[PDB]
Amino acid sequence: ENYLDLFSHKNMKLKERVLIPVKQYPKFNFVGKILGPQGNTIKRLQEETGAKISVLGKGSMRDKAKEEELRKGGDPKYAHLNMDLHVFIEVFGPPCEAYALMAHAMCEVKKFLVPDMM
């Protein structure tokens, strides 16, 4: 119901939208740093954590033109381009595995979004 059953055949899902903190770090280029050259960082990042991890929202493609054009076209896949710029973490698994994965991805992503942490 609201309960987790450990013996359920369904996986659980955890999803989180973490805001990229552009307000706190107005000039830091998060989107570049996270994606990496040709998207290698976020590829690696996904591979290391076992989570699906996406940069979404206004600024996510760093091509004000292309972004404008895709929104204007009305296509629902690009609907996210209107939202605040954010990292979207999605994991699935049995409860223990899912929380572990979310925790792993959450903590790796924190490292990117709080870039002057000690």
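Start at 1 and count along the sequence shown; that's the residue number.
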Look over 29-37 and 60-68 in the entry and identify the one with the greater average Cα temperature factor.
-> 60-68
By its CA B factor, does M118 count among the lowest, middle or highest third of the modelled residues in the chain?
-> highest
Once the chain's modelled residues are ordered by C-alpha B factor and cut into thirds, is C96 in the lowest, middle or highest one?
-> highest
Give the position of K13 by CA B-factor within its chain, expressed as the lowest, middle or highest third.
-> middle
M83: CA B-factor among chain residues, third -> highest
